[PDB]
Amino acid sequence: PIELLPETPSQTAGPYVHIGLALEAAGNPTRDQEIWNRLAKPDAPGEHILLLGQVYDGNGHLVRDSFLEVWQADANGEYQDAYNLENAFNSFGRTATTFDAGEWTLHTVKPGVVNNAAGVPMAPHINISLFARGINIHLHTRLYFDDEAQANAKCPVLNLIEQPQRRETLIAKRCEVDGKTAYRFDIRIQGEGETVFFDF
Amino acid sequence: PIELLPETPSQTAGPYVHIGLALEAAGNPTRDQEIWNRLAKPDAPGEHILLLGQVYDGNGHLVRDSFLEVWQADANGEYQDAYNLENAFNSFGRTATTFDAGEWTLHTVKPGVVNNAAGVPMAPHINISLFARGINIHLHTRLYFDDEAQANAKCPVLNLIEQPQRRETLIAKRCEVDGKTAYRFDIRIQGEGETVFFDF
Amino acid sequence: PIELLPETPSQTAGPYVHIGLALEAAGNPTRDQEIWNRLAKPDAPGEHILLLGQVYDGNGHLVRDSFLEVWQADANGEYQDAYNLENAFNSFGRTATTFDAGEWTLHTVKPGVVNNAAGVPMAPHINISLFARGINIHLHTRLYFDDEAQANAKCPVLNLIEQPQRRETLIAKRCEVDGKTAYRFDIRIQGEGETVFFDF
Amino acid sequence: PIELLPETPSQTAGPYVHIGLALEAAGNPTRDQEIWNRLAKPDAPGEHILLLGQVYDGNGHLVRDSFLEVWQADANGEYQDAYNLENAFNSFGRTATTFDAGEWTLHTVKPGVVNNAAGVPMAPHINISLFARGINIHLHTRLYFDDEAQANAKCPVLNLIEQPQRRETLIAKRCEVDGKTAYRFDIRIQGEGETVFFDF
Amino acid sequence: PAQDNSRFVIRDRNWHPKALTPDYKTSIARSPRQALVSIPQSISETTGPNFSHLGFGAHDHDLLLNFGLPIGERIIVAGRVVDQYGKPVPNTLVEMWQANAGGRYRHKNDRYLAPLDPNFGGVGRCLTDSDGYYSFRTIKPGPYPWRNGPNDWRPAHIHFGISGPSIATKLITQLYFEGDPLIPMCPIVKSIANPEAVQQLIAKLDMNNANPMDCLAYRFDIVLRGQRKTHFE
Amino acid sequence: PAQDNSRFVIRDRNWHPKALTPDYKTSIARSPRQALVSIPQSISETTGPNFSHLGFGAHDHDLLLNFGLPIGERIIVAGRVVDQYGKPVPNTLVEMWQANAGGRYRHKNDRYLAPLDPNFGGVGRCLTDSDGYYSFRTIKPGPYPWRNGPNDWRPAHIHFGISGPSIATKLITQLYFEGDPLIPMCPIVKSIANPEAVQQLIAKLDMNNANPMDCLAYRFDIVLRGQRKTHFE
Amino acid sequence: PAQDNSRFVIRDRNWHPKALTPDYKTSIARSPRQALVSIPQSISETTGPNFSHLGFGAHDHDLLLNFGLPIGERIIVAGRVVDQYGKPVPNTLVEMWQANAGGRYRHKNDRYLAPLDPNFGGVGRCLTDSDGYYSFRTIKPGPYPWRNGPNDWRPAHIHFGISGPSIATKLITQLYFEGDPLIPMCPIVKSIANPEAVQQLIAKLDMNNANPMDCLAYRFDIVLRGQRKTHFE
Ligand SMILES: O=C(O)Cc1ccc(O)c(O)c1
Ligand SMILES: O=C(O)Cc1ccc(O)c(O)c1
Ligand SMILES: O=C(O)Cc1ccc(O)c(O)c1
Ligand SMILES: O=C(O)Cc1ccc(O)c(O)c1
Ligand SMILES: [Fe+3]
Ligand SMILES: [Fe+3]
Ligand SMILES: [Fe+3]
Ligand SMILES: [Fe+3]
């Protein structure tokens, strides 16, 4: 058969990932421009939300050195790939869990609907990549919203998960923080209630 | 790099280990001098205690053919290496679990404090080696006492265990047997409440 | 390590090199345009000079089949790379030693000062490449002028030569030929007074 | 045939030899005890002398980074191998050439006579080992004295040198420095008047 | 907005290190036990951020000046980012981080006894050029002891992060130095089963890229997933 | 009392059998799922008992006389206990146990149909000499059937327990006999991943140590963790 | 006084580097053109100084403290000094010198742009013990660019000087680090014709001698000329 060049192999990010990808967190001076956790500026169209979560290992312990990267469409369900600190909205962000509480936060807007390759609409979702010490190759997942039951039920992606019980692991629970709309998305790397991770 | 002679590979002690190291238990006649579970003669200094416990497998079933070896300092925090049946106190002892009840016992004194290599005092502890059928290479653990919480909190060794909840597995629970001071120390080889095993 | 394609290996120019690069000297008819020893047209700016010299072997005998190539800046310390017979001045020229007297000559102007990579000015010099039978790979040298002692003393290049006495070998001695300013530059390939050859 | 283990191969001392073997010279702080150029203390028996010399390369240039080690008998022609800063005489010394003048000095006493293995007396001599940058493996030589013509003529070692002219290269010329008896011993590594170097 | 015009060659999960590699202790509790769910590529996965307009500072890629001169072996780390087809990946973000010359990281959590270097930070970022070339200037990091086995030491390494054209191509990896005797002993390195895969992680000494009497150079090329146009979909 | 004057070379957990070796059925539920926690060596780990004053019986090491003459092949099992540095381990405790000529153990729990040997116990103990030498006199044990797979047979073996200078060096192992065809089919033997490690478990026939017209001999040397003095601590 | 009781195995001048090795520029003018004159061994050559009574300071052999903690890879350099017969050389002087972590020497004449380390000198001395063992504690030196060819760089190396029992055995050499890609490219290294001789100069990573979570170790054994008693002379 035909063999191409092999992709460079992945390696864990390690516990010091912060010095390189989350300077503040590393407790180091930042540069003029940094990619962080604020995807939308106050004057950005769409419904402003706060996302927050915790990451658990197989023993039920918090993963305090985790690093996450997100990719989502804007409120119009469009991907803004031209990253710029001047934008009112950036489709991409970076976040990490506190060495203390071990919770991550992201300031964004609820994503608009996008169609799959076959033209079927997918429920509003946020693409997540999780990196950390002990993680050889990053994990891919999706965050869906509990208040989008109707859409969620019809998602061509959610429906690829054989066991309905497993689908619930991708649904973020709507809450309120300081009187602001928030959604909680906890990730269980291993064991009971283990979060669905994708390959693509 | 520099390579030394390889150490002889370990093998399971097997289910008949008693024939060689726990004669009485094998149901065989003993020899004049045997190494057993009575580390201290009644006339030995320090706080005389009785230690007892069970060993569980990954299914929560009792391990009735387990063999244990102990090493501890005397009441002055001193290791008495010259093994002699005439001594009032010996630092080394052997014990095994009943084929019936599956409980092991040891008669000794509460160990004194010893300093680590850096000069930091470790909380009073007993070094344990667990052998048994299905165990290819023996397991190393330490027994700590629940009435020494202060020292325990500052132990350089206990503190190397990342998760606080895992440190609890090494703490023996004080009780009384026939009006005598006893500490119960159960070992969970695998699963829920799995005991901390070391490498050194 | 990283290995590139190997450079084509050098070979001696041979004793008949003239047939290809010094037509007139071979005793052959020349072509319309030839690269020769007249770098400057009489109407060229700067101090017009005549350069001449001999080449000696390790026995002190004349090398009468030697071929030389020169590269120098104009009177403004500028390299004119666009070779054209119409230019008043060309940075590149070719010369050769007489099969009889064994002397080479060159008609040019005194070169202006150029700075090294670090921004330090080098004393006025002419870059020379010596080819000839018995010479497997060409020799690199520089011609400096004796009436520029000040600049010479501060040359970053001249100063890389450990022994002061060796630096003298690169200094051409001012004279006059037919009432014209001339500099004599003899090359000793080997032995007593051996000329400094470079690698770069 | 029989082959033993091969001796570790020699390597040049390099130009920085001083940081390790001649701290002062390196321009670094010295330690309490250093092996230097004063073999005898004023109260040492024998005729006190000053040795001095220069080292030349094949181009007749000074070798300013040379390092020499000497070994000689005392005035009684006895080797004092027990090195001690408290001794009135030490058989061993270290010296180096000045980065400036490029001259080395040694303060010692004229050596007594010693017999070869066959019982034949050798003329008073000093054993020298020369180390430096460009020197792959150190050079062995001997320093003899011009005022010991009689002995010199009969030396079993000097007489092993086939050409009488070559023998003169090992004879130090007696002089006076500040009204003190001195001997000059110049070493020519290569070329004209090349000093005799030994293998043993 | 980004558009779904590409497809990426499926990852070879047998080439890459598996999740569960027990010699690397922490991977025990941080690896899923359930199988990964395969999904078709969509705009969500085939797109990613472009960092062309990020405001990079002048010494972003020069660790010798971006934080006195650091103590350690001055080196240049350069290479090219290509896809599995051999096609260059221009205007892509390349980020790196490492320890100092002594194996000490400038991070809260680093308690290794080797001292910090007052003139060294340990972070760099570079956008690849039209030909997919990137380059950094730094000092060669030192081996780092870590609490794994009783005597585990990480080979000198530099952490690399590469974005590529999509979130599908995004990768985090590590560079090792040619000839390091520690390489074959590292549990993290060994997380990779194929010895051939390990070789792709070793930067080669590059004398041709070295600055005489200044600094040495190492070549490190990175291959991202092959990008192709959709067909008969 | 004992003193913290030594350090022991770290164990190679890839040389020794791993905890979970599924073909050896019982190991499934008796192997930890959490990684071992590595700890620095202290006086606790670098010291151990000295059995020099233990009151050994005169026939402690002679299985022929320590329990009629047993039926089976009369053999001497001798060897030396050294450390990884090749240094002898004198005055150390070596204990052994085994079955009779028929594969029957003198143990309650042994219900194998082969009968017991009235003149055979199957236990011995020996304290190595100044040179690290030990020796036992016994009869060659027979293969033993066990409930693992439906037709598993343990090769003839002798169980060994060695103390060494500390609890850090203490070891339990098994000796196998040169040329035994069962060796390579045993699930327990197979717990050892490296064929080279298995080789260390095989006693070689030693005609030089045999007593003509009496008994054969087998040589079994044991290597305990290398011991070194502390330095720059 | 010393006495003529020994004879030393003649040096193999084909094993050692020759005088004239043109790739190493400076050797051109610093090599004799006349043949060396062979001479029989006498008391002059078979004796040498004993340094047993030299007053060594406490940190003579510890470069980490003998001059703040230096920046660089903390390592231990240990080994044994033996003769060609394999016999140890006790109470012998071993001296060493090197550059800092960045390739900078603390010497007037060093103009390399890498900076000096305020806490590092670069000199050590150690007297071997009864078994011929020596040990040093320092930081791994960095490669050093030098004016030879236009792009020559010395591999990381440590200069060693060893006295031995006589002036006949005295030697100056250099230690190189296992796996250094620069080794085979060095004109000084290449002064040695036999590849097998080059191997004796490469210190091997010694994990067994390493101080966990502290510093690594390298093993470097030195062989001096064989010493024998005179016979039928
Ligand atoms: O704990 C781990 O995951 C291994 C490890 C530790 C420190 C590092 O800097 C690193 O790159 C990898
Ligand atoms: O069940 C097991 O662990 C295998 C086994 C059985 C009997 C033995 O004597 C023995 O040495 C090993
Ligand atoms: O004398 C020599 O250098 C050899 C030689 C002779 C004639 C040639 O044409 C030639 O190419 C080379
Ligand atoms: O010039 C030379 O002889 C080569 C060289 C230069 C500097 C050094 O430190 C060294 O050890 C060797
Ligand atoms: Fe790292
Ligand atoms: Fe058995
Ligand atoms: Fe030709
Ligand atoms: Fe050097």
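Protein chains get the first letters and strands the later ones, always in sequence-line order, with residue 1 at the start of each.
- Here F:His61 and F:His59 keep their ring centres 6.0 angstrom or further from each other.
- Between F:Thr47 and F:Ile167, every side-chain heavy-atom pair lies at or beyond the 4.5 Å cut-off.
- Residues meeting the ring-ring contact (aromatic ring centres under 6.0 Å, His included) test with B:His138, sequence neighbours left out: B:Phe131, B:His140.
- Qualifying side-chain contact (heavy atoms from CB on, under 4.5 Å) partners for B:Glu34, counting only residues two or more places apart in sequence or in other chains: B:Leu23, B:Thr30, B:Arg31, F:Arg125.
- Between B:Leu51 and B:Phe185 there is no side-chain heavy-atom pair separated by less than 4.5 Å.
- Scored by the ring-ring contact (aromatic ring centres under 6.0 Å, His included) test, B:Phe197 finds no partners at all (sequence neighbours excluded).
- Looking at B:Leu85 and B:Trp36, their side chains never come closer than 4.5 Å, going by heavy atoms from C-beta outward.
- With hydrogens and angles disregarded, no donor-acceptor distance shorter than 3.5 Å links the side chain of F:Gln98 to the backbone of F:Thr138.
- Residue pairs meeting the salt bridge (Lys or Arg N to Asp or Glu O under 4.0 Å) criterion with at least one partner in residues 66-81 of chain F, sequence neighbours excluded, are F:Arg74-F:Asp214, F:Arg80-F:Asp131.
- In this structure, the ring-ring contact (aromatic ring centres under 6.0 Å, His included) partners of F:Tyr134, at least two apart in sequence or on a different chain, are F:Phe136, F:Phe160.
- Side-chain N or O atoms of B:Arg167 include one that pairs as donor or acceptor with a backbone N or O of B:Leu158 at under 3.5 Å.
- With respect to B:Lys110, the side chain to side chain donor-acceptor pair (under 3.5 Å) criterion is satisfied by exactly one of B:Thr181, B:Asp147, B:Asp74: B:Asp147.
- By the side-chain contact (heavy atoms from CB on, under 4.5 Å) test, F:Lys190 is found to be paired with no residue, residues two or more places apart in sequence or in another chain being considered.
- For the pair B:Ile189 and B:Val63, the minimum side-chain heavy-atom distance is below 4.5 Å.
- Side-chain contact between B:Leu130 and B:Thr141: absent, with no pair of heavy atoms (C-beta onward) separated by less than 4.5 Å.
- In this structure, the side-chain contact (heavy atoms from CB on, under 4.5 Å) partners of B:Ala123, at least two apart in sequence or on a different chain, are B:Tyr144, B:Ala151, B:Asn152, B:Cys155.
- Residue pairs meeting the salt bridge (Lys or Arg N to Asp or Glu O under 4.0 Å) criterion with at least one partner in residues 60-73 of chain B, sequence neighbours excluded, are B:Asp65-B:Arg133, B:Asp65-F:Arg30, B:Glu69-B:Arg94, B:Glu69-F:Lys170.
- The main-chain N or O of F:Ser52 is never found under 3.5 Å from a side-chain atom of F:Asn91 such that the two would form a donor-acceptor pair.
- Residues meeting the side-chain contact (heavy atoms from CB on, under 4.5 Å) test with B:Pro45, sequence neighbours left out: none.
- Applying the salt bridge (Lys or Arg N to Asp or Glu O under 4.0 Å) test to residues at least two apart or on different chains, none of the pairs has a partner in residues 148-160 of chain F.
- Side-chain atoms of B:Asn136 and F:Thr21 form a donor-acceptor pair, as typed in the model, at a separation below 3.5 Å.
- Using a distance-only test at 3.5 Å, with no hydrogens or angles considered, a donor-acceptor pair links the side chain of F:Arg111 to the main chain of F:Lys108.
- Sorted by first and then second residue, the salt bridge (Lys or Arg N to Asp or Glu O under 4.0 Å) pairs involving residues 39-50 of chain B (not counting sequence neighbours) are B:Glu47-B:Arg174.
- Shown here are the ring-ring contact (aromatic ring centres under 6.0 Å, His included) partners of F:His107, two or more places apart in sequence or in another chain: B:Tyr16, B:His18, B:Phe99.
- At least one side-chain heavy atom of F:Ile10 sits under 4.5 Å from a side-chain heavy atom of F:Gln41.
- Side chains of B:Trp104 and B:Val55 form a contact here, defined as non-hydrogen atoms less than 4.5 Å apart.
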